[PDB]
$ cat query.cif   # mmCIF, N, CA and C atoms
data_work
#
loop_
_atom_site.label_atom_id
_atom_site.label_comp_id
_atom_site.auth_asym_id
_atom_site.auth_seq_id
_atom_site.Cartn_x
_atom_site.Cartn_y
_atom_site.Cartn_z
N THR A 43 -119.56 -212.95 -91.31
CA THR A 43 -118.37 -212.65 -90.48
C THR A 43 -118.00 -211.19 -90.59
N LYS A 44 -117.42 -210.68 -89.51
CA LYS A 44 -116.78 -209.38 -89.42
C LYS A 44 -115.34 -209.38 -89.92
N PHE A 45 -114.78 -210.55 -90.30
CA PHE A 45 -113.42 -210.57 -90.92
C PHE A 45 -113.47 -209.68 -92.10
N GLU A 46 -112.46 -208.79 -92.26
CA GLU A 46 -112.35 -207.90 -93.41
C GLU A 46 -111.39 -208.46 -94.45
N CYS A 47 -111.93 -208.77 -95.63
CA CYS A 47 -111.12 -209.22 -96.75
C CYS A 47 -110.03 -208.19 -97.07
N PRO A 48 -108.76 -208.63 -97.09
CA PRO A 48 -107.69 -207.68 -97.46
C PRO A 48 -107.63 -207.36 -98.95
N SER A 49 -108.22 -208.25 -99.76
CA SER A 49 -108.26 -208.12 -101.21
C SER A 49 -109.63 -208.58 -101.69
N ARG A 50 -109.98 -208.24 -102.93
CA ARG A 50 -111.25 -208.65 -103.49
C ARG A 50 -111.43 -210.16 -103.55
N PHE A 51 -110.38 -210.86 -103.96
CA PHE A 51 -110.38 -212.31 -104.04
C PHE A 51 -109.13 -212.83 -103.35
N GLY A 52 -109.26 -213.92 -102.61
CA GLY A 52 -108.08 -214.56 -102.05
C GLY A 52 -108.35 -215.46 -100.88
N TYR A 53 -107.29 -216.10 -100.37
CA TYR A 53 -107.36 -217.00 -99.24
C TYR A 53 -106.47 -216.42 -98.14
N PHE A 54 -107.03 -216.30 -96.94
CA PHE A 54 -106.38 -215.60 -95.82
C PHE A 54 -106.47 -216.37 -94.52
N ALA A 55 -105.44 -216.23 -93.71
CA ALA A 55 -105.41 -216.85 -92.40
C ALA A 55 -106.52 -216.33 -91.52
N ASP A 56 -106.99 -217.18 -90.61
CA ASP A 56 -107.83 -216.77 -89.51
C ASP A 56 -106.91 -216.47 -88.33
N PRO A 57 -106.77 -215.18 -87.96
CA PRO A 57 -105.85 -214.87 -86.86
C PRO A 57 -106.28 -215.46 -85.52
N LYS A 58 -107.53 -215.91 -85.40
CA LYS A 58 -108.01 -216.46 -84.14
C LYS A 58 -107.88 -218.00 -84.04
N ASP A 59 -107.54 -218.67 -85.14
CA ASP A 59 -107.56 -220.14 -85.17
C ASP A 59 -106.71 -220.65 -86.34
N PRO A 60 -105.58 -221.32 -86.04
CA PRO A 60 -104.72 -221.81 -87.13
C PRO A 60 -105.33 -222.97 -87.92
N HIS A 61 -106.41 -223.55 -87.42
CA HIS A 61 -107.13 -224.63 -88.10
C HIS A 61 -108.19 -224.12 -89.08
N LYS A 62 -108.34 -222.80 -89.19
CA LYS A 62 -109.35 -222.22 -90.08
C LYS A 62 -108.73 -221.19 -91.01
N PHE A 63 -109.51 -220.74 -91.98
CA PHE A 63 -109.06 -219.71 -92.90
C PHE A 63 -110.30 -219.05 -93.51
N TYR A 64 -110.08 -218.01 -94.29
CA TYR A 64 -111.16 -217.30 -94.97
C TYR A 64 -110.93 -217.33 -96.47
N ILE A 65 -112.00 -217.48 -97.23
CA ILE A 65 -111.97 -217.37 -98.68
C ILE A 65 -112.80 -216.14 -99.04
N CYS A 66 -112.17 -215.17 -99.68
CA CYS A 66 -112.85 -213.97 -100.12
C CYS A 66 -113.13 -213.99 -101.61
N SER A 67 -114.34 -213.58 -101.98
CA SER A 67 -114.70 -213.34 -103.37
C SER A 67 -115.56 -212.09 -103.39
N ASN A 68 -115.24 -211.19 -104.30
CA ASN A 68 -115.83 -209.85 -104.33
C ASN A 68 -115.96 -209.20 -102.95
N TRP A 69 -114.87 -209.29 -102.18
CA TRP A 69 -114.73 -208.68 -100.85
C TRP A 69 -115.60 -209.29 -99.76
N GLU A 70 -116.22 -210.43 -100.05
CA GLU A 70 -117.06 -211.12 -99.08
C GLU A 70 -116.36 -212.37 -98.59
N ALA A 71 -116.21 -212.47 -97.28
CA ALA A 71 -115.44 -213.56 -96.69
C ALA A 71 -116.34 -214.71 -96.27
N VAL A 72 -115.86 -215.93 -96.49
CA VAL A 72 -116.50 -217.14 -95.99
C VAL A 72 -115.47 -217.88 -95.16
N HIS A 73 -115.87 -218.25 -93.95
CA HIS A 73 -115.03 -218.96 -93.01
C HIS A 73 -114.99 -220.46 -93.34
N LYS A 74 -113.79 -221.05 -93.38
CA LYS A 74 -113.61 -222.47 -93.72
C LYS A 74 -112.73 -223.14 -92.69
N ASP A 75 -112.88 -224.47 -92.60
CA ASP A 75 -112.07 -225.32 -91.74
C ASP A 75 -111.03 -226.07 -92.56
N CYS A 76 -109.80 -226.13 -92.04
CA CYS A 76 -108.80 -227.01 -92.62
C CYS A 76 -109.23 -228.46 -92.41
N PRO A 77 -108.95 -229.33 -93.38
CA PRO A 77 -109.27 -230.76 -93.20
C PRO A 77 -108.43 -231.42 -92.13
N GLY A 78 -109.02 -232.36 -91.39
CA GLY A 78 -108.28 -233.15 -90.44
C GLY A 78 -107.61 -232.28 -89.41
N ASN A 79 -106.33 -232.55 -89.18
CA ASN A 79 -105.55 -231.78 -88.23
C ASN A 79 -104.60 -230.80 -88.91
N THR A 80 -104.84 -230.51 -90.20
CA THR A 80 -103.97 -229.58 -90.93
C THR A 80 -104.21 -228.14 -90.48
N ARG A 81 -103.25 -227.27 -90.78
CA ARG A 81 -103.31 -225.88 -90.39
C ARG A 81 -102.99 -224.97 -91.57
N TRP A 82 -103.45 -223.72 -91.49
CA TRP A 82 -103.27 -222.81 -92.61
C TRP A 82 -101.79 -222.58 -92.84
N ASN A 83 -101.39 -222.67 -94.11
CA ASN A 83 -100.00 -222.47 -94.52
C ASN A 83 -99.96 -221.28 -95.47
N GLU A 84 -99.48 -220.14 -94.97
CA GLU A 84 -99.59 -218.88 -95.69
C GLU A 84 -98.88 -218.96 -97.03
N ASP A 85 -97.68 -219.52 -97.03
CA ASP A 85 -96.90 -219.51 -98.26
C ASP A 85 -97.41 -220.52 -99.27
N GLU A 86 -98.11 -221.55 -98.81
CA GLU A 86 -98.66 -222.55 -99.72
C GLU A 86 -100.09 -222.21 -100.18
N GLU A 87 -100.73 -221.26 -99.50
CA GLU A 87 -102.12 -220.89 -99.79
C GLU A 87 -103.07 -222.08 -99.66
N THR A 88 -102.81 -222.96 -98.70
CA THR A 88 -103.69 -224.08 -98.42
C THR A 88 -103.38 -224.58 -97.02
N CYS A 89 -104.02 -225.66 -96.61
CA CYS A 89 -103.76 -226.26 -95.30
C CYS A 89 -102.77 -227.39 -95.43
N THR A 90 -101.80 -227.45 -94.51
CA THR A 90 -100.81 -228.51 -94.53
C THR A 90 -100.57 -229.04 -93.12
N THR B 43 -106.56 -229.27 -125.43
CA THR B 43 -106.35 -227.89 -125.94
C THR B 43 -106.31 -226.92 -124.77
N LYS B 44 -105.39 -225.97 -124.87
CA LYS B 44 -105.27 -224.86 -123.87
C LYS B 44 -106.64 -224.22 -123.59
N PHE B 45 -106.97 -224.04 -122.32
CA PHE B 45 -108.13 -223.26 -121.92
C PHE B 45 -108.22 -221.97 -122.65
N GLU B 46 -109.43 -221.66 -123.20
CA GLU B 46 -109.67 -220.39 -123.88
C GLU B 46 -110.64 -219.54 -123.05
N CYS B 47 -110.23 -218.32 -122.74
CA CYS B 47 -111.06 -217.40 -121.95
C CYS B 47 -112.35 -217.06 -122.68
N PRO B 48 -113.51 -217.26 -122.02
CA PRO B 48 -114.79 -216.84 -122.62
C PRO B 48 -115.07 -215.34 -122.48
N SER B 49 -114.40 -214.69 -121.53
CA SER B 49 -114.56 -213.26 -121.33
C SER B 49 -113.20 -212.66 -121.05
N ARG B 50 -113.11 -211.36 -121.19
CA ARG B 50 -111.88 -210.64 -121.01
C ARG B 50 -111.37 -210.83 -119.57
N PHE B 51 -112.29 -210.70 -118.64
CA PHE B 51 -112.07 -210.89 -117.21
C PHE B 51 -113.09 -211.87 -116.70
N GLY B 52 -112.68 -212.78 -115.83
CA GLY B 52 -113.63 -213.71 -115.26
C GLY B 52 -112.99 -214.87 -114.54
N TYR B 53 -113.84 -215.59 -113.81
CA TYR B 53 -113.46 -216.78 -113.07
C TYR B 53 -114.29 -217.92 -113.62
N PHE B 54 -113.61 -219.00 -114.02
CA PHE B 54 -114.26 -220.10 -114.72
C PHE B 54 -113.87 -221.46 -114.20
N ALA B 55 -114.82 -222.37 -114.24
CA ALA B 55 -114.59 -223.72 -113.80
C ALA B 55 -113.53 -224.40 -114.64
N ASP B 56 -112.81 -225.32 -114.00
CA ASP B 56 -111.96 -226.27 -114.69
C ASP B 56 -112.78 -227.54 -114.89
N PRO B 57 -113.20 -227.83 -116.14
CA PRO B 57 -114.02 -229.02 -116.37
C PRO B 57 -113.33 -230.35 -116.04
N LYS B 58 -112.01 -230.34 -115.85
CA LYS B 58 -111.25 -231.57 -115.58
C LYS B 58 -111.05 -231.85 -114.10
N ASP B 59 -111.24 -230.84 -113.27
CA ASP B 59 -110.93 -230.96 -111.85
C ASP B 59 -111.81 -230.01 -111.04
N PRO B 60 -112.68 -230.54 -110.16
CA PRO B 60 -113.56 -229.67 -109.38
C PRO B 60 -112.83 -228.85 -108.32
N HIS B 61 -111.54 -229.13 -108.12
CA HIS B 61 -110.73 -228.40 -107.15
C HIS B 61 -109.97 -227.24 -107.78
N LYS B 62 -110.13 -227.03 -109.08
CA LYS B 62 -109.35 -226.01 -109.78
C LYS B 62 -110.27 -225.08 -110.53
N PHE B 63 -109.70 -223.98 -111.01
CA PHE B 63 -110.44 -223.01 -111.82
C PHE B 63 -109.46 -222.16 -112.61
N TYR B 64 -110.01 -221.30 -113.47
CA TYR B 64 -109.21 -220.41 -114.28
C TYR B 64 -109.60 -218.96 -114.00
N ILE B 65 -108.59 -218.10 -113.93
CA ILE B 65 -108.83 -216.67 -113.84
C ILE B 65 -108.38 -216.03 -115.14
N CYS B 66 -109.29 -215.29 -115.76
CA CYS B 66 -109.01 -214.59 -117.01
C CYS B 66 -108.78 -213.11 -116.74
N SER B 67 -107.71 -212.59 -117.34
CA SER B 67 -107.41 -211.17 -117.30
C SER B 67 -106.90 -210.78 -118.70
N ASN B 68 -107.59 -209.82 -119.32
CA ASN B 68 -107.32 -209.43 -120.70
C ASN B 68 -107.24 -210.66 -121.61
N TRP B 69 -108.20 -211.56 -121.44
CA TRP B 69 -108.34 -212.77 -122.27
C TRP B 69 -107.22 -213.81 -122.10
N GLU B 70 -106.33 -213.60 -121.13
CA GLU B 70 -105.28 -214.56 -120.80
C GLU B 70 -105.67 -215.29 -119.52
N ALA B 71 -105.44 -216.60 -119.48
CA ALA B 71 -105.88 -217.42 -118.35
C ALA B 71 -104.73 -217.85 -117.44
N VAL B 72 -105.03 -217.92 -116.15
CA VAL B 72 -104.16 -218.52 -115.15
C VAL B 72 -104.92 -219.63 -114.44
N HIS B 73 -104.31 -220.80 -114.34
CA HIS B 73 -104.91 -221.97 -113.70
C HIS B 73 -104.63 -221.92 -112.20
N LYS B 74 -105.68 -222.06 -111.39
CA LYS B 74 -105.58 -221.93 -109.93
C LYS B 74 -106.15 -223.13 -109.19
N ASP B 75 -105.68 -223.33 -107.96
CA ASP B 75 -106.19 -224.36 -107.05
C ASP B 75 -107.07 -223.75 -105.97
N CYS B 76 -108.16 -224.43 -105.63
CA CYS B 76 -108.91 -224.10 -104.43
C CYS B 76 -108.14 -224.60 -103.22
N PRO B 77 -108.33 -223.94 -102.07
CA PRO B 77 -107.58 -224.31 -100.85
C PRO B 77 -108.26 -225.42 -100.05
N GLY B 78 -107.49 -226.10 -99.20
CA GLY B 78 -108.05 -227.19 -98.40
C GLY B 78 -108.67 -228.24 -99.30
N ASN B 79 -109.84 -228.73 -98.93
CA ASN B 79 -110.57 -229.66 -99.78
C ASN B 79 -111.73 -228.98 -100.48
N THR B 80 -111.70 -227.65 -100.54
CA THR B 80 -112.80 -226.95 -101.18
C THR B 80 -112.84 -227.20 -102.67
N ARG B 81 -114.00 -226.90 -103.25
CA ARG B 81 -114.28 -227.14 -104.66
C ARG B 81 -114.84 -225.88 -105.30
N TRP B 82 -114.61 -225.73 -106.61
CA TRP B 82 -115.02 -224.53 -107.31
C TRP B 82 -116.52 -224.49 -107.41
N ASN B 83 -117.08 -223.34 -107.07
CA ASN B 83 -118.52 -223.09 -107.09
C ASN B 83 -118.79 -222.04 -108.17
N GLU B 84 -119.23 -222.50 -109.34
CA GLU B 84 -119.42 -221.64 -110.50
C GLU B 84 -120.40 -220.50 -110.22
N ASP B 85 -121.47 -220.84 -109.53
CA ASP B 85 -122.55 -219.89 -109.33
C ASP B 85 -122.07 -218.70 -108.52
N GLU B 86 -121.13 -218.95 -107.62
CA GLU B 86 -120.66 -217.92 -106.70
C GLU B 86 -119.26 -217.44 -106.97
N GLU B 87 -118.65 -217.98 -108.02
CA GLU B 87 -117.32 -217.57 -108.42
C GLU B 87 -116.41 -217.58 -107.22
N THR B 88 -116.47 -218.68 -106.48
CA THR B 88 -115.57 -218.88 -105.36
C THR B 88 -115.33 -220.37 -105.09
N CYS B 89 -114.42 -220.64 -104.16
CA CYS B 89 -114.19 -221.99 -103.70
C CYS B 89 -115.02 -222.23 -102.45
N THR B 90 -115.69 -223.37 -102.40
CA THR B 90 -116.68 -223.67 -101.38
C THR B 90 -116.42 -225.04 -100.77
#

$ encode --input "query.cif" --output "structure tokens"
Amino acid sequence: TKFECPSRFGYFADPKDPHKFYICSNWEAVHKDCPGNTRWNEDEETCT
Amino acid sequence: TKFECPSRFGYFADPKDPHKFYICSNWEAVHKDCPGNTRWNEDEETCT
């Protein structure tokens, strides 16, 4: 992905899809899907 | 027994829960959750 990790490690929203998110480790992002019909919850750092 | 850091800095599996892990900084640990239904991936030091 061309998503740019804002930090070396962390979980970040996908600005293009509220049903997805990115997990960064050592500045490398992996695109993930929220389970079921859940959506990224910024303050919870998970899908709700 | 309280998790003991194996290294000064590092990311380590939680042997009790595949959804959790520990982050070590200056030999002190913080217990963390993986997001969504992801699970800790030791080899890649990330949630997968």

$ closest_atom_pairs --input "query.cif" --of "chain B" --to "chain A" --cutoff "6.5 Å" --atoms "all atoms listed in the file" --output "tab-separated table"
residue	atom	partner	partner_atom	distance
B:77	CA	A:88	CA	4.6
B:78	N	A:89	N	4.4
B:79	N	A:77	N	5.7
B:87	C	A:67	CA	6.0
B:88	CA	A:67	CA	6.0

$ write_last_selection --input "query.cif" --atoms "N, CA and C atoms" --output "short mmCIF file (atom, residue, chain, number, x, y, z; two decimals), keeping the file's coordinate frame"
data_model
loop_
_atom_site.label_atom_id
_atom_site.label_comp_id
_atom_site.auth_asym_id
_atom_site.auth_seq_id
_atom_site.Cartn_x
_atom_site.Cartn_y
_atom_site.Cartn_z
N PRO B 77 -108.33 -223.94 -102.07
CA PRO B 77 -107.58 -224.31 -100.85
C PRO B 77 -108.26 -225.42 -100.05
N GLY B 78 -107.49 -226.10 -99.20
CA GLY B 78 -108.05 -227.19 -98.40
C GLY B 78 -108.67 -228.24 -99.30
N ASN B 79 -109.84 -228.73 -98.93
CA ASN B 79 -110.57 -229.66 -99.78
C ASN B 79 -111.73 -228.98 -100.48
N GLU B 87 -118.65 -217.98 -108.02
CA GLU B 87 -117.32 -217.57 -108.42
C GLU B 87 -116.41 -217.58 -107.22
N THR B 88 -116.47 -218.68 -106.48
CA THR B 88 -115.57 -218.88 -105.36
C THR B 88 -115.33 -220.37 -105.09
#

$ atom_distance --input "query.cif" --atom1 "atom C of residue A:60" --atom2 "atom N of residue B:60"
24.6 Å

$ residues_near_point --input "query.cif" --point "(-113.4, -206.2, -101.4)" --cutoff "6.5 Å" --atoms "all atoms listed in the file" --output "ChimeraX atom specification"
/A:47-51,68-70

$ atom_distance --input "query.cif" --atom1 "atom N of residue A:71" --atom2 "atom N of residue A:55"
12.0 Å

$ atom_distance --input "query.cif" --atom1 "atom CA of residue B:85" --atom2 "atom CA of residue B:58"
17.4 Å

$ calpha_fit_and_write --input "query.cif" --fixed "chain B" --moving "chain A" --output "PDB file with N, CA and C atoms, in the coordinates of the input"
ATOM      1  N   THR A  43    -101.883-222.671-120.978  1.00  0.00           N
ATOM      2  CA  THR A  43    -103.041-223.585-121.114  1.00  0.00           C
ATOM      3  C   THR A  43    -103.764-223.336-122.416  1.00  0.00           C
ATOM      4  N   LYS A  44    -104.364-224.402-122.933  1.00  0.00           N
ATOM      5  CA  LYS A  44    -105.293-224.401-124.048  1.00  0.00           C
ATOM      6  C   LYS A  44    -106.724-224.070-123.641  1.00  0.00           C
ATOM      7  N   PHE A  45    -107.009-223.905-122.330  1.00  0.00           N
ATOM      8  CA  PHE A  45    -108.368-223.449-121.905  1.00  0.00           C
ATOM      9  C   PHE A  45    -108.631-222.169-122.597  1.00  0.00           C
ATOM     10  N   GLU A  46    -109.838-222.014-123.195  1.00  0.00           N
ATOM     11  CA  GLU A  46    -110.253-220.782-123.855  1.00  0.00           C
ATOM     12  C   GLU A  46    -111.126-219.935-122.940  1.00  0.00           C
ATOM     13  N   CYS A  47    -110.622-218.750-122.592  1.00  0.00           N
ATOM     14  CA  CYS A  47    -111.384-217.793-121.806  1.00  0.00           C
ATOM     15  C   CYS A  47    -112.715-217.472-122.497  1.00  0.00           C
ATOM     16  N   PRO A  48    -113.836-217.650-121.777  1.00  0.00           N
ATOM     17  CA  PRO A  48    -115.132-217.287-122.388  1.00  0.00           C
ATOM     18  C   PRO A  48    -115.386-215.785-122.461  1.00  0.00           C
ATOM     19  N   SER A  49    -114.663-215.031-121.622  1.00  0.00           N
ATOM     20  CA  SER A  49    -114.771-213.581-121.541  1.00  0.00           C
ATOM     21  C   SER A  49    -113.373-213.011-121.344  1.00  0.00           C
ATOM     22  N   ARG A  50    -113.216-211.707-121.568  1.00  0.00           N
ATOM     23  CA  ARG A  50    -111.933-211.063-121.384  1.00  0.00           C
ATOM     24  C   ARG A  50    -111.395-211.173-119.965  1.00  0.00           C
ATOM     25  N   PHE A  51    -112.271-210.974-118.988  1.00  0.00           N
ATOM     26  CA  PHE A  51    -111.922-211.077-117.582  1.00  0.00           C
ATOM     27  C   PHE A  51    -112.948-211.963-116.896  1.00  0.00           C
ATOM     28  N   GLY A  52    -112.497-212.814-115.987  1.00  0.00           N
ATOM     29  CA  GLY A  52    -113.437-213.579-115.182  1.00  0.00           C
ATOM     30  C   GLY A  52    -112.863-214.814-114.553  1.00  0.00           C
ATOM     31  N   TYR A  53    -113.690-215.516-113.768  1.00  0.00           N
ATOM     32  CA  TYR A  53    -113.312-216.735-113.087  1.00  0.00           C
ATOM     33  C   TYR A  53    -114.227-217.847-113.602  1.00  0.00           C
ATOM     34  N   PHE A  54    -113.620-218.952-114.025  1.00  0.00           N
ATOM     35  CA  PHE A  54    -114.330-220.041-114.714  1.00  0.00           C
ATOM     36  C   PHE A  54    -113.952-221.409-114.187  1.00  0.00           C
ATOM     37  N   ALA A  55    -114.917-222.306-114.203  1.00  0.00           N
ATOM     38  CA  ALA A  55    -114.690-223.678-113.795  1.00  0.00           C
ATOM     39  C   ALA A  55    -113.675-224.355-114.682  1.00  0.00           C
ATOM     40  N   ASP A  56    -112.940-225.306-114.108  1.00  0.00           N
ATOM     41  CA  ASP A  56    -112.141-226.244-114.860  1.00  0.00           C
ATOM     42  C   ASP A  56    -113.010-227.474-115.111  1.00  0.00           C
ATOM     43  N   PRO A  57    -113.432-227.693-116.374  1.00  0.00           N
ATOM     44  CA  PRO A  57    -114.309-228.842-116.622  1.00  0.00           C
ATOM     45  C   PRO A  57    -113.643-230.188-116.353  1.00  0.00           C
ATOM     46  N   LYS A  58    -112.315-230.222-116.227  1.00  0.00           N
ATOM     47  CA  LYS A  58    -111.617-231.479-115.996  1.00  0.00           C
ATOM     48  C   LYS A  58    -111.358-231.784-114.500  1.00  0.00           C
ATOM     49  N   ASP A  59    -111.610-230.822-113.614  1.00  0.00           N
ATOM     50  CA  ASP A  59    -111.233-230.974-112.201  1.00  0.00           C
ATOM     51  C   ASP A  59    -112.023-229.980-111.341  1.00  0.00           C
ATOM     52  N   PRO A  60    -112.927-230.487-110.480  1.00  0.00           N
ATOM     53  CA  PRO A  60    -113.725-229.571-109.648  1.00  0.00           C
ATOM     54  C   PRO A  60    -112.915-228.868-108.556  1.00  0.00           C
ATOM     55  N   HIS A  61    -111.689-229.312-108.323  1.00  0.00           N
ATOM     56  CA  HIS A  61    -110.783-228.696-107.350  1.00  0.00           C
ATOM     57  C   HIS A  61    -109.962-227.546-107.940  1.00  0.00           C
ATOM     58  N   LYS A  62    -110.148-227.256-109.227  1.00  0.00           N
ATOM     59  CA  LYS A  62    -109.385-226.192-109.886  1.00  0.00           C
ATOM     60  C   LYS A  62    -110.310-225.217-110.595  1.00  0.00           C
ATOM     61  N   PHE A  63    -109.743-224.116-111.065  1.00  0.00           N
ATOM     62  CA  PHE A  63    -110.503-223.132-111.814  1.00  0.00           C
ATOM     63  C   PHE A  63    -109.515-222.308-112.645  1.00  0.00           C
ATOM     64  N   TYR A  64    -110.044-221.434-113.479  1.00  0.00           N
ATOM     65  CA  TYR A  64    -109.228-220.553-114.310  1.00  0.00           C
ATOM     66  C   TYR A  64    -109.562-219.104-114.006  1.00  0.00           C
ATOM     67  N   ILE A  65    -108.551-218.253-113.996  1.00  0.00           N
ATOM     68  CA  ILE A  65    -108.722-216.814-113.880  1.00  0.00           C
ATOM     69  C   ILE A  65    -108.250-216.211-115.201  1.00  0.00           C
ATOM     70  N   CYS A  66    -109.147-215.530-115.893  1.00  0.00           N
ATOM     71  CA  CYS A  66    -108.818-214.870-117.139  1.00  0.00           C
ATOM     72  C   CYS A  66    -108.661-213.372-116.963  1.00  0.00           C
ATOM     73  N   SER A  67    -107.621-212.820-117.582  1.00  0.00           N
ATOM     74  CA  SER A  67    -107.442-211.379-117.690  1.00  0.00           C
ATOM     75  C   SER A  67    -106.919-211.106-119.088  1.00  0.00           C
ATOM     76  N   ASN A  68    -107.520-210.133-119.744  1.00  0.00           N
ATOM     77  CA  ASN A  68    -107.280-209.869-121.164  1.00  0.00           C
ATOM     78  C   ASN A  68    -107.204-211.134-122.024  1.00  0.00           C
ATOM     79  N   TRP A  69    -108.174-212.027-121.800  1.00  0.00           N
ATOM     80  CA  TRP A  69    -108.353-213.277-122.551  1.00  0.00           C
ATOM     81  C   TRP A  69    -107.277-214.330-122.328  1.00  0.00           C
ATOM     82  N   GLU A  70    -106.422-214.117-121.332  1.00  0.00           N
ATOM     83  CA  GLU A  70    -105.364-215.064-121.007  1.00  0.00           C
ATOM     84  C   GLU A  70    -105.696-215.783-119.715  1.00  0.00           C
ATOM     85  N   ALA A  71    -105.712-217.103-119.779  1.00  0.00           N
ATOM     86  CA  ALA A  71    -106.143-217.908-118.640  1.00  0.00           C
ATOM     87  C   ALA A  71    -104.959-218.364-117.805  1.00  0.00           C
ATOM     88  N   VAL A  72    -105.141-218.354-116.488  1.00  0.00           N
ATOM     89  CA  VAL A  72    -104.187-218.926-115.547  1.00  0.00           C
ATOM     90  C   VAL A  72    -104.936-219.953-114.721  1.00  0.00           C
ATOM     91  N   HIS A  73    -104.363-221.147-114.637  1.00  0.00           N
ATOM     92  CA  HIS A  73    -104.926-222.257-113.899  1.00  0.00           C
ATOM     93  C   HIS A  73    -104.624-222.123-112.399  1.00  0.00           C
ATOM     94  N   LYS A  74    -105.642-222.293-111.548  1.00  0.00           N
ATOM     95  CA  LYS A  74    -105.496-222.156-110.091  1.00  0.00           C
ATOM     96  C   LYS A  74    -106.101-223.354-109.396  1.00  0.00           C
ATOM     97  N   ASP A  75    -105.623-223.592-108.165  1.00  0.00           N
ATOM     98  CA  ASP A  75    -106.130-224.637-107.288  1.00  0.00           C
ATOM     99  C   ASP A  75    -107.017-224.040-106.205  1.00  0.00           C
ATOM    100  N   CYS A  76    -108.149-224.698-105.940  1.00  0.00           N
ATOM    101  CA  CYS A  76    -108.946-224.349-104.777  1.00  0.00           C
ATOM    102  C   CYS A  76    -108.160-224.689-103.513  1.00  0.00           C
ATOM    103  N   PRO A  77    -108.294-223.873-102.468  1.00  0.00           N
ATOM    104  CA  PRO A  77    -107.621-224.193-101.194  1.00  0.00           C
ATOM    105  C   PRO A  77    -108.186-225.425-100.523  1.00  0.00           C
ATOM    106  N   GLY A  78    -107.327-226.206 -99.866  1.00  0.00           N
ATOM    107  CA  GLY A  78    -107.774-227.324 -99.076  1.00  0.00           C
ATOM    108  C   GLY A  78    -108.552-228.306 -99.911  1.00  0.00           C
ATOM    109  N   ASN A  79    -109.705-228.711 -99.389  1.00  0.00           N
ATOM    110  CA  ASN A  79    -110.572-229.639-100.090  1.00  0.00           C
ATOM    111  C   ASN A  79    -111.783-228.953-100.712  1.00  0.00           C
ATOM    112  N   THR A  80    -111.725-227.619-100.855  1.00  0.00           N
ATOM    113  CA  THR A  80    -112.851-226.881-101.440  1.00  0.00           C
ATOM    114  C   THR A  80    -112.936-227.117-102.946  1.00  0.00           C
ATOM    115  N   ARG A  81    -114.100-226.821-103.517  1.00  0.00           N
ATOM    116  CA  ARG A  81    -114.351-227.025-104.925  1.00  0.00           C
ATOM    117  C   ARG A  81    -114.977-225.784-105.551  1.00  0.00           C
ATOM    118  N   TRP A  82    -114.831-225.655-106.871  1.00  0.00           N
ATOM    119  CA  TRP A  82    -115.317-224.457-107.538  1.00  0.00           C
ATOM    120  C   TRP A  82    -116.822-224.369-107.383  1.00  0.00           C
ATOM    121  N   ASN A  83    -117.287-223.173-107.016  1.00  0.00           N
ATOM    122  CA  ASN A  83    -118.712-222.900-106.826  1.00  0.00           C
ATOM    123  C   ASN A  83    -119.117-221.820-107.820  1.00  0.00           C
ATOM    124  N   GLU A  84    -119.820-222.224-108.879  1.00  0.00           N
ATOM    125  CA  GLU A  84    -120.079-221.345-110.009  1.00  0.00           C
ATOM    126  C   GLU A  84    -120.852-220.114-109.569  1.00  0.00           C
ATOM    127  N   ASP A  85    -121.875-220.319-108.754  1.00  0.00           N
ATOM    128  CA  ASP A  85    -122.729-219.193-108.400  1.00  0.00           C
ATOM    129  C   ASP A  85    -122.069-218.266-107.397  1.00  0.00           C
ATOM    130  N   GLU A  86    -121.104-218.770-106.637  1.00  0.00           N
ATOM    131  CA  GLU A  86    -120.400-217.936-105.668  1.00  0.00           C
ATOM    132  C   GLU A  86    -119.138-217.279-106.257  1.00  0.00           C
ATOM    133  N   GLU A  87    -118.698-217.758-107.419  1.00  0.00           N
ATOM    134  CA  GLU A  87    -117.468-217.269-108.053  1.00  0.00           C
ATOM    135  C   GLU A  87    -116.249-217.439-107.148  1.00  0.00           C
ATOM    136  N   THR A  88    -116.209-218.525-106.384  1.00  0.00           N
ATOM    137  CA  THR A  88    -115.062-218.842-105.552  1.00  0.00           C
ATOM    138  C   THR A  88    -115.128-220.319-105.207  1.00  0.00           C
ATOM    139  N   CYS A  89    -114.213-220.786-104.378  1.00  0.00           N
ATOM    140  CA  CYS A  89    -114.213-222.182-103.935  1.00  0.00           C
ATOM    141  C   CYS A  89    -114.904-222.306-102.600  1.00  0.00           C
ATOM    142  N   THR A  90    -115.753-223.330-102.455  1.00  0.00           N
ATOM    143  CA  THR A  90    -116.452-223.554-101.204  1.00  0.00           C
ATOM    144  C   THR A  90    -116.443-225.038-100.848  1.00  0.00           C
TER     145      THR A  90
END

$ select_by_dssp --input "query.cif" --residues "chain A" --states "strand (DSSP E)" --output "ChimeraX atom specification"
/A:52-55,62-67,70-75,82-83,88-89

$ axis_aligned_box --input "query.cif" --around "stretch 48-67 of chain A" --padding-each-side "8 Å" --output "AutoDock Vina command-line options"
--center_x -110.1 --center_y -216.0 --center_z -94.0 --size_x 26.8 --size_y 33.3 --size_z 36.0
